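Notes for the one structure printed next.
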Amino acid sequence: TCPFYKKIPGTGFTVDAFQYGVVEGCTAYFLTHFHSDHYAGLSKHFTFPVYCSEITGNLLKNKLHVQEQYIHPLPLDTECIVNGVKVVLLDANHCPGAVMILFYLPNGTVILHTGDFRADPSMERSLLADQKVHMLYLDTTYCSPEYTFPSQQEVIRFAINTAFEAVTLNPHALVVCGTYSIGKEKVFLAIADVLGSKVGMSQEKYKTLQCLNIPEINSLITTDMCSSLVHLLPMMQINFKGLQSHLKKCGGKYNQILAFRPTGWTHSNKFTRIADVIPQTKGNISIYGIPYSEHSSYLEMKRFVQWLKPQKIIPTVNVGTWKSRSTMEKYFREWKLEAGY
Ligand code: NI
C-alpha cells in the first residue's frame with residue numbers, strides 16, 4: 001500500500017509510486033528519474049499518464065517500451081498546467097533526466113518534491129527564489145554530519161590526472177570504468193576526452209546512452225571495443241577475477257588495466273582525502289574506488305534547507321526505521337533553531 005510520503009495532498013498526483021498497482025484517486029503518476037528503486041513496476045502495459053522529463057521519457061520508450069501516448073514529457077523551467085494544477089520541473093543535479101517537481105496547489109499551498117538531488121547554490125537563483133515553499137519532500141540519503149565528500153569537479157581532476165599519467169607512462173594499458181545504472185557519465189567522458197578516445201561499451205549500455213540528449217554523443221562513444229582505450233564494464237564485474245577474465249578477451253592488446261569504481265560514501269571518507277587515494281592491486285590490475293556523489297553531502301543539504309525555510313519537511317530516504325526517522329528530526333530541529341524559521 002502506497003506510503004503517504006509518495007502522495008501529494010489536494011491532487012490526484014503520486015511521485016515515484018509505480019510498484020503498488022493502481023492507486024485509487026491517482027489521475028497522474030510522476031517519475032523523478034530513471035533509477036530502478038524509483039521506477040520499479042513500469043512496463044509496456046502502463047495505460048495511465050506519466051509525467052517526466054524528455055530524457056526520462058526517451059528511457060521509458062526505449063528501455064521499458066512504454067507507448068508514446070502515455071509518456072508526457074515536460075520541458076524544464078517552464079510554468080506548465082497539468083490537470084488544472086500548475087507544476088514546474090527543475091534540474092535535480094542527480095543523473096541525466098532527473099528532476100525536482102514544484103506543485104502549486106489551488107488552495108495556495110506550494111510543495112517541492114526533490115526526487116533524488118545534489119543540492120547546489122545555483123538552485124537558490126532558480127524559480128524557487130520567486131516564492132514561499134510550505135512543504136518539502138526531501139532526499140535524506142546523507143542526512144548525518146559524518147557524510148562529507150569532495151566536489152564533483154575535484155574528483156574529475158583526480159581522475160583525468162591518474163588516467164592520463166599511466167597511459168603516457170605505459171601506452172599499452174587499458175582504462176576501465178565501472179557502472180550499473182545511469183549517472184556519473186562525466187567520469188568516463190572526461191577520461192576519454194583526455195586520452196583522445198571514444199568510450200567503448202556493450203550494445204545495451206550504448207543504447208542507454210543514446211537516450212540522454214548529450215550533445216555530440218556520436219563522436220564520444222562506440223560499440224567497437226578494439227578501437228577504444230576507455231572501456232566501460234558492469235560494476236559487478238570490476239574485480240580481479242572478472243577483470244582478468246576481461247583482460248583475456250582483448251587478445252594481447254593491453255598489458256595492464258587501470259580501473260575506477262565511482263562509489264558513493266564509504267567509511268574511508270572519514271579518514272582519507274581525495275588527493276591521498278590508493279588502489280587495491282593484484283598483479284597488473286589496479287582498482288580505484290572514487291567518491292563521486294550524485295546526492296547532497298550533509299553540509300549541502302543543510303544550506304539548501306536553511307535557505308528554503310520550509311514550514312514542513314517530509315523525508316523520502318531512510319524512513320524505514322524509527323531510529324533513522326528520529327535522528328533526522330533532531331537535525332531538522334537544529335537547522336530551524338539556528339536559522340530562525
Ligand atoms: Ni537515484
Side-chain angles (χ1 to χ4, degrees), residues 2-3 5-6 8 14-20 29-42 50-60 62-64 66 73-74 76 89-102 112-120 122-123 136-144 147 149-152 155 177-189 205 208-209 211-214 232 234-236 261-266 269 289-298 300-301 304-305 313-320 324 328:
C2 187
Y5 73 91
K6 297 194 168 283
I8 307 308
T14 73
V15 177
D16 292 355
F18 292 97
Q19 49 155 319
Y20 313 104
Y29 292 74
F30 283 79
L31 170 67
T32 55
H33 62 297
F34 197 69
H35 272 166
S36 69
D37 283 4
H38 301 268
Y39 70 62
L42 278 168
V50 184
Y51 284 80
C52 48
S53 60
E54 186 174 21
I55 290 167
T56 294
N58 302 341
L59 288 161
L60 299 180
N62 291 290
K63 303 299 300 184
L64 305 172
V66 174
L74 303 165
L76 318 177
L89 316 185
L90 300 185
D91 208 301
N93 189 37
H94 185 50
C95 68
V99 298
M100 313 187 292
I101 306 149
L102 255 186
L112 185 62
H113 197 299
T114 71
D116 283 344
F117 93 140
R118 174 160 193 178
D120 193 75
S122 65
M123 302 176 170
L136 184 60
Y137 291 65
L138 180 62
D139 167 15
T140 44
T141 300
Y142 300 118
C143 188
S144 192
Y147 302 113
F149 39 66
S151 84
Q152 293 179 162
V155 176
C177 294
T179 187
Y180 48 23
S181 61
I182 62 176
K184 309 189 204 199
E185 288 74 13
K186 195 66 181 190
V187 177
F188 56 84
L189 290 172
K205 193 64 196 186
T208 301
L209 296 192
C211 289
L212 307 192
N213 291 340
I214 295 169
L232 310 198
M235 195 73 70
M236 276 193 64
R261 299 207 323 123
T263 50
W265 173 97
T266 57
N269 271 255
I290 53 169
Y292 189 94
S293 182
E294 300 184 330
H295 295 275
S296 322
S297 65
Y298 178 76
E300 296 169 344
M301 192 182 300
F304 173 74
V305 178
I313 298 179
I314 309 170
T316 69
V317 185
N318 310 310
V319 295
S324 291
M328 285 186 282

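One-based numbering, in listed order, for ligands and for the atoms of each. Residue numbers run from 1 in the order of the sequence given.
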* Is there a donor-acceptor contact under 3.5 Å from the side chain of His33 to the main chain of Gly97? -> no
* Can any side-chain N or O of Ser53 pair as donor or acceptor with the backbone N or O of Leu76 at less than 3.5 Å? -> no
* **Sphere of radius 2.8 Å around the Ni ion (ligand 1) - protein N, O or S atoms inside** => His33 NE2, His35 ND1, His94 NE2, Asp116 OD2
* Using 30° and 60° as the class limits, which term best fits the ring planes of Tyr142 and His295: parallel, tilted or perpendicular? -> perpendicular
* Asked: Between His113 and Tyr137, how do the two ring planes meet: parallel, tilted or perpendicular, split at 30° and 60°?
  -> parallel
* Are the side chain of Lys205 and the backbone N or O of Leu232 linked by a donor-acceptor pair below 3.5 Å? -> no
* Residue pair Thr32 / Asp16, side-chain donor-acceptor N/O under 3.5 Å -> yes
